[PDB]
Every structure is written in C-alpha cells, then in structure tokens.
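Novice: Structure provided below as structure tokens; questions to follow.
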Amino acid sequence: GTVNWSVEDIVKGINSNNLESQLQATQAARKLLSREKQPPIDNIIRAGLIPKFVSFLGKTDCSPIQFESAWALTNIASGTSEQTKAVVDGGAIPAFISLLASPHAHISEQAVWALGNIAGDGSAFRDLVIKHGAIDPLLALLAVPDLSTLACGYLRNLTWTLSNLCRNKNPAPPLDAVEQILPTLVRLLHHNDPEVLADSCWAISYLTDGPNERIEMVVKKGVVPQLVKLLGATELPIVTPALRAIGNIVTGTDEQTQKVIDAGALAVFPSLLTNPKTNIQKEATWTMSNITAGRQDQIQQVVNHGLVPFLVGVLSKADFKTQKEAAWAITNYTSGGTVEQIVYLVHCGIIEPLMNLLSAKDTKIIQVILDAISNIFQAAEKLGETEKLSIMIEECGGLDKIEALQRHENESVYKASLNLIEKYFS
C-alpha cells in the first residue's frame, strides 16, 4: 500500500535504515508526483528528498528503487525550470547517464525520459547534458539492425529526447553534437511510426532554424525528399513539423530553396494553402513568401505549378496573419519577377484583394501592399500601360483607399501613397 502517503510519511520511510522501507516510500513518492491533480513537487523538494533519490539511482543491487527514484525525479524535472534545476543540482545528470546502460529496459527508458526533460528545459542544461556525455550511450541504444525490434514506447522516448537535444537557440546546439546526432535522425525519419516521424521532423525543424550553415548541415544528408514526402502525410502532427522544416530551409540560399523545389514540394501546396488548419495555411504561405523571394526561374516554377491562383485565394480570404504572409509573398514576387510574371499575377486577379487589404489596421501590411503596387506600376511603365492599371485600381475602390492613406500617421505610408497618387492618378 504505497497510495496516498503524506510527505511526512515518505520522509520517515526514506530516512529509515531499511532499504525496503526506503523503496516503499520512494514508490509512494513516485505515485504522489505522478498524479495529474497538482503534484506536490515543491513539498517534495523542500523535504530535501532529491539527494536521496539521486543516491538511489546508484543502487545497482536494487533495480526497483533505481526505477522508482528515476521516475520520481523525472516527474520533478518535468515541471518548472526551478524544479528541473533542483534535479540537476542534486547531481542527477551523470547518474541518469550511467543508468542509460542499465540491463533493465524500463530503467534505461526512465533515464532517457529524464535526460529529455532536463535537456528540454533550455540551452544551458542541454549543453550540460551534452558535456556529461549523453549522446554516445543514447545513440548506442539505437544501434540495432532494425528499429522495428525495439519496443514502440522505448523508441518514441529516445526520439523525443534526441529532438530535445537539437532544440533551443541562443546558442544553438554545438555543431559537433549536431553532426553526431544527424545520421541517427536521418534513420529515424524513415521509421514507420507516426510519433517517431513527428519528433524526427521536429528535430530537423530545430536544426534548420538558423543560419545557412546549419541548414546546409541538414540538407547535405539528403533528407529534403523525405521531408516533402512527410509534408504529404495525413497525420497533422507530422505535417506541421515537416512544413516548418521546409520553410526554414527555404529561408536559406537559392540553391537550398532549389533543392526543396526539385524534391517536388510545390505540388503539395495547393492543399497546404487551403488546409483547414489555420497554422498550416500560415506556414505554407510564409514558405511561399520565401520562395517568391528567390530567382526568377523559381518564381516561374511557382507559376508553372499553378500556385499564383492559390496565393490570390489566400489574399482574398484567410486568417489575417496568413493574409499578411500572402502580402509579403506578393511583394517579393513583384520585386523579383519579370514583367511577364507580374502581368500574369495581375491577370490572376491580385489587384482587388490587394486593394481590399489596404483598409486593415496594420501598418506593416499596408507598407508591403504599397510596395507591391509600386512594383506593379513599374512593370506597367515598362509596358507603357500605367493608365490601364490606374483604371483597374480605380474600378475596385483602390484609389479611394490610397488617397485616404495619403493622410496616415506613419511617415512611410503617407509618403508612398502620396507618391502613387501624384505619379499615376493625376
């Protein structure tokens, strides 16, 4: 009967000179801490029990107390940063790393879970877990010919912890550790379990969220085609991180963006740009905005795949944040695109939704839309057709909005709008 003990009784049991009494009290503590209704984590910490749990981690001759104390410590380390810090300050990191090699799979799984929580807290604890030498034994746990012979939950916990070692910025994980972990992530990215795939995609999205050198580390391993395939998954928990990784990658150079395009990503965007999940739509439109900031042949790839009508659609009706990403996409398209491509954009109906967005209460989207209008007018000048575009803008109500913006609080707004009026509506 280790259910519902008081903290005083747990302390009495853990301070007894009786390994079995200590074990029973430790299990009682684990059960307290694993209740979803406000676990008394802080009371356990104040009782001074973390050092006792950490010392129990080292009793190889009593694996049950190793297991129970590991689980109690894991439940503490899954809370606030101060509670994770309490666990770390007790010396738990090297003890859990030593337990990674346990012959009891449940104990090593508990150690994997604990190190995942600790490393997930933040950059400093992540780098400290790495310094204590966790990566080698972690990856050795996965050194089997077929991942499918491992228990499902075990492999899932390993993948989650590895993703947490790839997580957080300022600073990003050490390049050495990233290189050490990447091959295993590449293997996990091909494993048939939705949760393993989701967490591998999350790890990749963490590693690609940075300068082009990190992106390049990831892209050199050849994972972009697999990322696109997973972009096409039906499980939203897979699509979300896969799309995040692809967007990150296209924030890089034009060659990395081209690697995304060559893998077939664009063919998936009709659905992504109409996805019923608002965040999928927003991230797909952000990815598109970065693609249309590339070379003219990449804008042309966007055109060939019939995605300009979907950007018109998103601009016309979507969550306002998605519409802002779409305005960005249009401004980049018009800034980098050929005359023919801007003409095509107009022929797809961009002008009316573009104008309708000028009544928004957001200054940045107004600046972006005015930049797009100026670029389109530049193309029209190059074609000597500013009157046609002026009439088009005037017929859908854009001229009223621009003349109203001429008197806007922001300096840039009234400047750009006055320029447009004087230049093409006089």
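Every number here is computed from the coordinates shown, using simple stated rules; none is lab data. Virtual Cβ from ideal backbone geometry, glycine too; neighbours counted across all protein chains shown.
Novice: Among helices (runs of 4 or more DSSP H) lying entirely in region 41-91, which contain 1 or more residues that are within 29 Å of the chain's Cα centre (by Cα)?
Specialist: Result: 63-77, 81-89.
Novice: Does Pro270 count as in contact (Cβ under 8 Å) with a residue 40 or more places away in the chain, surrounded by fewer than 20 Cβ atoms within 10 Å (Cβ to Cβ) and either touching a helix residue (DSSP H, G or I) at 6+ places or on another chain (Cβ under 7 Å) or assigned to a helix (DSSP H, G or I) (or both)?
Specialist: yes
Novice: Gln281 passes all but one of (1) buried (at least 19 other Cβ atoms within 10 Å of the Cβ); (2) more than 18 Å from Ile249 (Cα to Cα); which number fails?
Specialist: (2)
Novice: Pick from region 92-136 the residues that are β-branched (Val, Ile, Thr) and either more than 25 Å from the chain's Cα centre (by Cα) or surrounded by fewer than 16 Cβ atoms within 10 Å (Cβ to Cβ) (or both): which of them is farthest from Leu158 (Cα to Cα)?
Specialist: Looking at the filtered set, the residue picked out is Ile93.
Novice: Given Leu197, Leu185, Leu139, which one is assigned to a helix (DSSP H, G or I) and either closer than 21 Å to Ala92 by Cα or more than 21 Å from the chain's Cα centre (by Cα) (or both)?
Specialist: Answer to the check: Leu139.
Novice: Got a number for residues in region 394-426 being basic (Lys, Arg), in a helix (DSSP H, G or I), over 11 Å from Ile366 (Cα atoms) and touching a helix residue (DSSP H, G or I) at 6+ places or on another chain (Cβ under 8 Å)?
Specialist: Residues in region 394-426 being basic (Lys, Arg), in a helix (DSSP H, G or I), over 11 Å from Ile366 (Cα atoms) and touching a helix residue (DSSP H, G or I) at 6+ places or on another chain (Cβ under 8 Å): 1 in total.
Novice: In addition: Looking at region 301-354, what helices (runs of 4 or more DSSP H) fall wholly within it and have at least 1 residues that are charged (D, E, K, R) and more than 19 Å from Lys282 (Cβ to Cβ)?
Specialist: 339-347
Novice: Let me ask something else. Where residues in region 63-91 are over 25 Å from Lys37 (Cβ atoms) and among the polar types (S, T, N, Q), which of them is surrounded by the fewest Cβ atoms within 10 Å (Cβ to Cβ)?
Specialist: Ranking the qualifying residues of region 63-91, first place goes to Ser63.
Novice: Any residue at all in region 375-386 that's under 21 Å from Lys317 (Cα atoms), of a type outside the set (S, T, N, Q) and not in a helix (DSSP H, G or I)?
Specialist: Within region 375-386, not a single residue is under 21 Å from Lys317 (Cα atoms), of a type outside the set (S, T, N, Q) and not in a helix (DSSP H, G or I).
Novice: Of the residues that make up region 164-181, is at least one surrounded by fewer than 19 Cβ atoms within 10 Å (Cβ to Cβ), without any contact (Cβ under 8 Å) to a residue 60 or more places away in the chain, of a type in the set (D, E, K, R) and assigned to a helix (DSSP H, G or I)?
Specialist: Yes, the conditions are met somewhere in region 164-181.
The rows are residues; the columns are (1) without any contact (Cβ under 8 Å) to a residue 12 or more places away in the chain; (2) within 22 Å of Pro174 (Cα to Cα); (3) surrounded by fewer than 16 Cβ atoms within 10 Å (Cβ to Cβ); (4) aromatic (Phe, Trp, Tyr).
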position: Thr208; (1), (2), (3), (4): no, yes, no, no
position: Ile215; (1), (2), (3), (4): no, yes, no, no
position: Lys220; (1), (2), (3), (4): yes, yes, yes, no
position: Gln226; (1), (2), (3), (4): no, no, no, no
position: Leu230; (1), (2), (3), (4): no, no, no, no
position: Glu235; (1), (2), (3), (4): no, no, yes, no
position: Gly247; (1), (2), (3), (4): no, no, no, no
position: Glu255; (1), (2), (3), (4): yes, no, yes, no
position: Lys259; (1), (2), (3), (4): no, no, no, no
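Novice: Shifting gears a bit: Looking at this structure, is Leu207 part of a helix (DSSP H, G or I), among the hydrophobic types (A, V, I, L, M, F, W, C) and under 20 Å from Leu150 (Cβ atoms)?
Specialist: For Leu207, the condition - part of a helix (DSSP H, G or I), among the hydrophobic types (A, V, I, L, M, F, W, C) and under 20 Å from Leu150 (Cβ atoms) - is not met.
Novice: Kindly indicate whether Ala47 is of a type in the set (A, V, I, L, M, F, W, C), surrounded by fewer than 23 Cβ atoms within 10 Å (Cβ to Cβ) and more than 27 Å from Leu139 (Cα to Cα).
Specialist: Spelling it out, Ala47 is indeed of a type in the set (A, V, I, L, M, F, W, C), surrounded by fewer than 23 Cβ atoms within 10 Å (Cβ to Cβ) and more than 27 Å from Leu139 (Cα to Cα).
Novice: Can you report the number of residues in region 1-28 which are buried (at least 19 other Cβ atoms within 10 Å of the Cβ) and assigned to a loop (DSSP other than H, G, I, E, B)?
Specialist: Summing the residues that are buried (at least 19 other Cβ atoms within 10 Å of the Cβ) and assigned to a loop (DSSP other than H, G, I, E, B) in region 1-28 gives 1.
Novice: Looking only at residues that are of a type in the set (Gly, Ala, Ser) and under 20 Å from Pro353 (Cβ atoms) in region 294-319, which one is surrounded by the fewest Cβ atoms within 10 Å (Cβ to Cβ)?
Specialist: Within region 294-319, the match that is surrounded by the fewest Cβ atoms within 10 Å (Cβ to Cβ) is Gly306.
Novice: Residues to consider are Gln296, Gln258; find the one that is over 22 Å from the mean Cα position of the chain (by Cα) and on the phi < 0 side of the Ramachandran plot.
Specialist: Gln296
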